[PDB]
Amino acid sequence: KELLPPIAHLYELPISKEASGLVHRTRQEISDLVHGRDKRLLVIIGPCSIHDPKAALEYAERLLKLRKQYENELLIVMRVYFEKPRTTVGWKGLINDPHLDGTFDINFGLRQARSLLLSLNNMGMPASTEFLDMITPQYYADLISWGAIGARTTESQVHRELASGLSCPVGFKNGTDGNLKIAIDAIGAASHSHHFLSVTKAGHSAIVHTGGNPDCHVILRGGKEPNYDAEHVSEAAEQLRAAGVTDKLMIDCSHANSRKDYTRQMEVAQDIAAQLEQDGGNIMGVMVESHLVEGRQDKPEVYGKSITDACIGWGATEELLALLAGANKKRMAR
(Lines of atoms letter the chains of each structure in order from A and count residues from 1; the text may use other names and numbers.)
(Lines give C-alpha, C1' and ligand atoms only; values in the text may rest on other atoms or scores of the structure.)
Protein backbone atom coordinates (compact mmCIF):
# COMPACT_ATOMS: atom_id res chain seq x y z
CA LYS A 1 0.00 0.00 0.00
CA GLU A 2 0.61 3.75 -0.71
CA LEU A 3 3.15 5.12 1.76
CA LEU A 4 3.74 8.85 1.92
CA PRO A 5 7.41 9.75 2.30
CA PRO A 6 8.69 11.71 5.34
CA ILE A 7 8.82 14.97 3.31
CA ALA A 8 4.99 14.95 2.99
CA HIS A 9 4.60 14.97 6.79
CA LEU A 10 7.44 17.45 7.27
CA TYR A 11 5.68 19.76 4.81
CA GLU A 12 2.40 19.70 6.74
CA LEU A 13 4.04 19.74 10.18
CA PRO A 14 7.36 21.55 10.04
CA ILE A 15 9.27 21.74 13.34
CA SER A 16 8.75 25.11 15.03
CA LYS A 17 11.57 27.30 16.38
CA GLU A 18 10.35 26.58 19.93
CA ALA A 19 10.18 22.79 19.45
CA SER A 20 13.54 22.80 17.73
CA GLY A 21 15.10 24.74 20.66
CA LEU A 22 13.54 22.46 23.26
CA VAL A 23 14.75 19.29 21.54
CA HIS A 24 18.25 20.73 21.06
CA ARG A 25 18.56 21.89 24.67
CA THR A 26 17.03 18.71 26.18
CA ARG A 27 19.39 16.48 24.19
CA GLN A 28 22.26 18.56 25.50
CA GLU A 29 21.01 18.46 29.06
CA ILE A 30 20.72 14.68 28.84
CA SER A 31 24.21 14.31 27.38
CA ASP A 32 25.44 16.23 30.44
CA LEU A 33 23.84 13.59 32.67
CA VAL A 34 25.20 10.70 30.61
CA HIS A 35 28.76 12.07 30.94
CA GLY A 36 28.56 13.09 34.60
CA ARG A 37 28.60 16.87 34.07
CA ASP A 38 25.30 17.47 35.82
CA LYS A 39 23.84 15.46 38.72
CA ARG A 40 20.12 16.00 38.04
CA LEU A 41 18.15 12.82 37.54
CA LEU A 42 16.64 12.14 34.13
CA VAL A 43 13.10 10.88 34.57
CA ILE A 44 11.58 9.17 31.53
CA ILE A 45 7.96 8.96 32.69
CA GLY A 46 4.56 8.38 31.07
CA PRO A 47 2.42 5.70 29.45
CA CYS A 48 3.69 2.33 28.37
CA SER A 49 2.20 3.20 24.96
CA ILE A 50 0.32 6.09 23.37
CA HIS A 51 -3.10 5.05 22.09
CA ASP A 52 -5.05 8.29 22.46
CA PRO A 53 -3.57 11.71 21.71
CA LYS A 54 -6.13 13.54 23.77
CA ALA A 55 -5.24 11.67 26.93
CA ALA A 56 -1.54 12.07 26.14
CA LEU A 57 -1.93 15.86 25.94
CA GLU A 58 -3.88 15.97 29.20
CA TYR A 59 -1.19 13.84 30.87
CA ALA A 60 1.50 16.11 29.47
CA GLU A 61 -0.15 19.26 30.84
CA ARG A 62 -0.21 17.79 34.36
CA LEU A 63 3.38 16.54 34.06
CA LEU A 64 4.61 19.91 32.80
CA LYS A 65 3.82 21.58 36.14
CA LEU A 66 5.95 18.99 37.91
CA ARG A 67 8.70 19.21 35.26
CA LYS A 68 8.94 22.89 36.06
CA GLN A 69 8.58 22.50 39.85
CA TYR A 70 11.39 19.92 40.03
CA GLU A 71 13.69 21.35 37.34
CA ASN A 72 16.64 21.87 39.69
CA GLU A 73 16.60 18.20 40.78
CA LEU A 74 14.95 16.31 37.96
CA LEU A 75 14.94 16.46 34.23
CA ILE A 76 11.45 15.23 33.36
CA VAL A 77 10.81 13.90 29.82
CA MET A 78 7.58 12.21 28.80
CA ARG A 79 7.25 8.64 27.54
CA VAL A 80 5.65 8.94 24.08
CA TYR A 81 6.04 5.39 22.77
CA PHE A 82 4.57 4.70 19.33
CA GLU A 83 6.12 1.29 18.64
CA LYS A 84 5.62 -1.79 20.84
CA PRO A 85 7.44 -5.14 20.69
CA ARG A 86 5.11 -8.10 21.31
CA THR A 87 6.06 -11.48 22.75
CA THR A 88 4.35 -13.13 19.80
CA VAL A 89 1.59 -11.08 18.22
CA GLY A 90 -0.53 -8.14 19.27
CA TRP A 91 -1.07 -4.42 18.81
CA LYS A 92 2.28 -2.87 17.77
CA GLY A 93 1.34 0.69 18.62
CA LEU A 94 -0.19 3.90 17.33
CA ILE A 95 1.88 4.15 14.14
CA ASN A 96 1.23 0.54 13.01
CA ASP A 97 -2.48 0.54 13.81
CA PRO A 98 -3.77 3.94 14.98
CA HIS A 99 -7.50 3.11 14.81
CA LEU A 100 -6.91 0.12 17.10
CA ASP A 101 -9.10 -2.01 14.86
CA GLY A 102 -6.68 -3.96 12.66
CA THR A 103 -6.89 -1.53 9.76
CA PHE A 104 -3.16 -0.69 9.86
CA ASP A 105 -3.59 2.88 8.62
CA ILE A 106 0.10 3.67 8.85
CA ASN A 107 -0.07 6.94 6.87
CA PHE A 108 -2.59 8.23 9.45
CA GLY A 109 -0.49 6.80 12.30
CA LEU A 110 2.70 8.57 11.21
CA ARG A 111 0.79 11.82 10.77
CA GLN A 112 -0.84 11.51 14.19
CA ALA A 113 2.49 10.61 15.82
CA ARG A 114 4.26 13.64 14.33
CA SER A 115 1.33 15.91 15.21
CA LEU A 116 1.28 14.82 18.85
CA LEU A 117 5.04 15.18 19.20
CA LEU A 118 4.94 18.65 17.71
CA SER A 119 2.15 19.69 20.11
CA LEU A 120 4.06 18.24 23.11
CA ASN A 121 7.27 20.08 22.26
CA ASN A 122 5.36 23.32 21.56
CA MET A 123 3.79 23.22 25.03
CA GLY A 124 7.24 22.73 26.67
CA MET A 125 7.19 18.94 27.22
CA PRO A 126 10.05 17.03 25.62
CA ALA A 127 9.41 13.50 24.35
CA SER A 128 11.04 10.05 24.42
CA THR A 129 10.25 6.85 22.56
CA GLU A 130 11.51 3.35 21.77
CA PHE A 131 12.95 3.15 18.26
CA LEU A 132 11.86 -0.27 17.05
CA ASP A 133 11.21 0.05 13.31
CA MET A 134 13.95 0.89 10.81
CA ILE A 135 11.97 3.22 8.49
CA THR A 136 9.59 5.16 10.76
CA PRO A 137 12.21 7.33 12.54
CA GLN A 138 12.71 9.67 9.59
CA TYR A 139 9.11 10.77 10.12
CA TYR A 140 9.40 12.03 13.72
CA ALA A 141 12.94 11.67 15.11
CA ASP A 142 13.61 15.42 14.91
CA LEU A 143 11.03 15.77 17.71
CA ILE A 144 12.61 13.18 20.05
CA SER A 145 14.95 14.19 22.91
CA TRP A 146 15.81 10.64 24.10
CA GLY A 147 15.49 7.17 22.57
CA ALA A 148 15.38 3.64 23.89
CA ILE A 149 16.47 0.50 22.12
CA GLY A 150 14.43 -2.26 23.76
CA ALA A 151 15.49 -5.29 25.66
CA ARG A 152 14.45 -7.47 22.71
CA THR A 153 16.46 -5.49 20.17
CA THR A 154 19.55 -4.28 22.06
CA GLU A 155 21.64 -7.23 20.74
CA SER A 156 20.45 -6.59 17.15
CA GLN A 157 23.02 -5.13 14.82
CA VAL A 158 20.45 -3.23 12.75
CA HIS A 159 19.24 -1.47 15.91
CA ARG A 160 22.79 -0.63 16.92
CA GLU A 161 23.27 0.80 13.41
CA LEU A 162 20.11 2.88 13.76
CA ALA A 163 21.23 4.26 17.13
CA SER A 164 24.63 5.20 15.67
CA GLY A 165 22.91 7.70 13.35
CA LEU A 166 20.34 9.14 15.83
CA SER A 167 20.91 12.72 17.02
CA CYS A 168 19.48 12.09 20.49
CA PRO A 169 21.00 10.24 23.41
CA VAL A 170 20.03 6.54 23.44
CA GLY A 171 19.51 4.05 26.28
CA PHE A 172 20.18 0.38 25.57
CA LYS A 173 18.36 -2.07 27.80
CA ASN A 174 19.65 -5.27 29.32
CA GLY A 175 18.25 -8.44 27.73
CA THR A 176 14.95 -9.98 28.78
CA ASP A 177 16.68 -12.62 30.94
CA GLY A 178 19.01 -10.02 32.51
CA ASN A 179 22.07 -10.02 30.25
CA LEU A 180 23.75 -6.63 30.68
CA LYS A 181 26.72 -7.34 28.42
CA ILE A 182 24.55 -6.98 25.29
CA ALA A 183 23.78 -3.36 26.23
CA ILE A 184 27.42 -2.62 27.05
CA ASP A 185 28.37 -4.16 23.70
CA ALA A 186 25.60 -2.05 22.11
CA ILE A 187 27.19 1.22 23.32
CA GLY A 188 30.48 0.05 21.83
CA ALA A 189 28.76 -0.61 18.50
CA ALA A 190 26.54 2.46 18.36
CA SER A 191 29.37 4.84 19.33
CA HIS A 192 31.18 3.98 16.08
CA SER A 193 30.54 4.94 12.52
CA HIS A 194 28.51 2.47 10.41
CA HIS A 195 27.59 2.05 6.74
CA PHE A 196 24.22 0.43 6.01
CA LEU A 197 20.99 0.75 4.07
CA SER A 198 18.30 3.16 5.17
CA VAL A 199 15.52 5.19 3.57
CA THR A 200 15.82 8.88 2.79
CA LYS A 201 13.37 11.72 3.62
CA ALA A 202 12.10 11.31 0.02
CA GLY A 203 11.16 7.67 0.65
CA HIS A 204 14.00 6.10 -1.32
CA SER A 205 16.45 3.45 -0.13
CA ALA A 206 20.01 4.65 0.15
CA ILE A 207 23.42 3.86 1.58
CA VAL A 208 23.95 5.86 4.78
CA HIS A 209 27.19 6.54 6.60
CA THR A 210 26.63 7.46 10.27
CA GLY A 211 29.03 9.31 12.55
CA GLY A 212 28.48 7.27 15.74
CA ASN A 213 26.43 8.26 18.84
CA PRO A 214 28.55 9.53 21.77
CA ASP A 215 25.58 9.77 24.15
CA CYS A 216 24.55 6.12 24.70
CA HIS A 217 24.09 4.48 28.11
CA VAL A 218 22.58 1.31 29.58
CA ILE A 219 19.25 0.76 31.28
CA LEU A 220 18.68 -1.79 34.02
CA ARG A 221 15.18 -3.22 33.48
CA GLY A 222 15.31 -6.60 35.30
CA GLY A 223 15.72 -10.16 34.05
CA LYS A 224 15.07 -13.47 35.73
CA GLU A 225 15.55 -11.39 38.86
CA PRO A 226 15.29 -7.63 39.31
CA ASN A 227 18.48 -5.58 38.96
CA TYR A 228 17.62 -2.19 40.50
CA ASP A 229 19.45 -2.43 43.84
CA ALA A 230 22.82 -0.98 44.94
CA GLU A 231 24.67 -4.33 44.48
CA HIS A 232 23.42 -4.60 40.90
CA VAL A 233 24.17 -0.94 40.11
CA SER A 234 27.68 -1.37 41.51
CA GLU A 235 28.29 -4.54 39.47
CA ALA A 236 27.02 -2.81 36.31
CA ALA A 237 29.25 0.23 36.87
CA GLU A 238 32.36 -2.00 37.20
CA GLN A 239 31.49 -3.70 33.89
CA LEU A 240 30.89 -0.38 32.18
CA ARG A 241 34.28 0.97 33.28
CA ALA A 242 35.96 -2.29 32.14
CA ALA A 243 34.53 -1.76 28.66
CA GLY A 244 35.66 1.86 28.57
CA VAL A 245 32.16 3.35 28.37
CA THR A 246 30.15 5.64 30.63
CA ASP A 247 29.39 4.17 34.03
CA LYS A 248 26.35 6.42 34.48
CA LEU A 249 23.20 4.37 34.01
CA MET A 250 19.40 4.43 34.10
CA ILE A 251 17.09 2.19 36.13
CA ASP A 252 13.69 1.18 34.82
CA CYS A 253 11.20 0.99 37.72
CA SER A 254 8.77 -0.98 35.55
CA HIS A 255 8.80 -4.21 33.54
CA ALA A 256 11.11 -6.93 34.88
CA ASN A 257 12.06 -4.76 37.85
CA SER A 258 8.48 -4.42 39.12
CA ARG A 259 7.44 -7.82 37.79
CA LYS A 260 3.71 -8.58 38.11
CA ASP A 261 2.73 -5.66 40.39
CA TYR A 262 2.69 -2.23 38.68
CA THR A 263 2.53 -0.62 42.14
CA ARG A 264 5.94 -2.13 42.91
CA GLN A 265 7.31 0.72 40.88
CA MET A 266 7.04 2.87 44.03
CA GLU A 267 9.10 0.32 46.00
CA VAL A 268 11.76 0.38 43.30
CA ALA A 269 11.74 4.20 43.35
CA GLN A 270 12.09 4.16 47.15
CA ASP A 271 15.09 1.86 46.85
CA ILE A 272 16.57 4.25 44.26
CA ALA A 273 15.84 7.23 46.54
CA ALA A 274 17.68 5.47 49.35
CA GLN A 275 20.65 4.86 46.98
CA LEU A 276 20.69 8.54 46.03
CA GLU A 277 20.65 9.55 49.68
CA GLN A 278 23.47 7.16 50.66
CA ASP A 279 25.58 7.66 47.51
CA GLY A 280 24.15 6.62 44.14
CA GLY A 281 26.92 8.20 42.07
CA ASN A 282 26.35 5.94 39.06
CA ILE A 283 22.66 6.68 38.65
CA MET A 284 21.75 9.29 36.01
CA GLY A 285 18.14 8.35 35.41
CA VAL A 286 14.97 6.37 36.01
CA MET A 287 12.00 5.17 33.92
CA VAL A 288 8.47 4.98 35.21
CA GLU A 289 5.27 3.77 33.57
CA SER A 290 2.62 6.23 34.58
CA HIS A 291 -0.77 7.32 33.20
CA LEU A 292 -3.80 9.35 34.25
CA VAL A 293 -5.42 6.22 35.62
CA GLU A 294 -3.68 3.16 37.08
CA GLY A 295 -3.69 -0.42 35.81
CA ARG A 296 -4.37 -1.72 32.29
CA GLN A 297 -7.18 -2.93 30.07
CA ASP A 298 -7.46 -5.08 26.99
CA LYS A 299 -9.82 -2.70 25.14
CA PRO A 300 -9.63 1.11 25.23
CA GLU A 301 -12.82 1.49 27.24
CA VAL A 302 -11.53 3.67 30.13
CA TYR A 303 -9.99 7.07 29.25
CA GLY A 304 -6.33 7.54 30.26
CA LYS A 305 -5.70 3.89 31.12
CA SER A 306 -3.02 1.80 29.44
CA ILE A 307 -3.91 -0.87 26.88
CA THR A 308 -0.38 -2.29 27.13
CA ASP A 309 1.72 -2.69 30.30
CA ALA A 310 -0.02 -1.57 33.54
CA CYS A 311 0.92 1.89 34.84
CA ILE A 312 0.75 3.75 38.10
CA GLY A 313 -1.93 6.47 38.24
CA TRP A 314 -1.68 10.22 38.66
CA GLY A 315 -1.71 10.36 42.46
CA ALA A 316 1.07 7.78 42.76
CA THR A 317 3.00 9.74 40.12
CA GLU A 318 3.01 12.86 42.29
CA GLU A 319 4.29 10.89 45.26
CA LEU A 320 6.96 9.14 43.21
CA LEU A 321 8.25 12.37 41.69
CA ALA A 322 8.27 14.20 45.06
CA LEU A 323 10.19 11.30 46.53
CA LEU A 324 12.84 11.29 43.83
CA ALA A 325 13.20 15.08 43.81
CA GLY A 326 13.74 15.19 47.59
CA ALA A 327 16.31 12.39 47.48
CA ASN A 328 18.24 13.86 44.54
CA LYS A 329 18.26 17.32 46.06
CA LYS A 330 20.39 15.77 48.83
CA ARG A 331 22.68 13.90 46.45
CA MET A 332 23.27 17.15 44.51
CA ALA A 333 24.16 19.10 47.68
CA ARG A 334 26.71 16.57 48.94
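Start at 1 with the first residue shown and count on from there.
Between 31-39 and 284-292, point out the one with the higher average CA B-factor as the PDB entry records it.
-> Result: 31-39.
Going by the B-factors listed in the PDB entry, is the mean over the C-alpha atoms higher for 297-305 or for 48-56?
-> Mean C-alpha B-factor is greater for 297-305.
Would you mind checking which of 251, 134, 118, 243 has the top Cα temperature factor in the PDB entry?
-> Max CA B-factor in the entry, restricted to 251, 134, 118, 243: 243.
When the CA B-factors of 73, 161, 142, 83 are compared as recorded in the entry, which is the largest?
-> Of the options given, 73 has the highest CA B-factor in the PDB entry.
Ranked by Cα temperature factor within the chain, is residue 239 in the lowest third, the middle third or the highest third?
-> Residue 239: CA B-factor falls in the highest third of its chain.
Within this chain, which third does the Cα B-factor at residue 89 fall in: lowest, middle or highest?
-> Highest third - that is where residue 89 ends up once the chain's C-alpha B-factors are sorted.
Going by the entry, which third of its chain does the Cα temperature factor of residue 152 land in?
-> Bottom third by C-alpha B-factor.
Is the Cα B-factor recorded for residue 194 in the lowest, middle or highest third of its chain?
-> Middle third by C-alpha B-factor.
How does residue 232 rank on Cα B-factor within its chain, lowest, middle or highest third?
-> It belongs to the highest third of the chain when residues are ordered by C-alpha B-factor.
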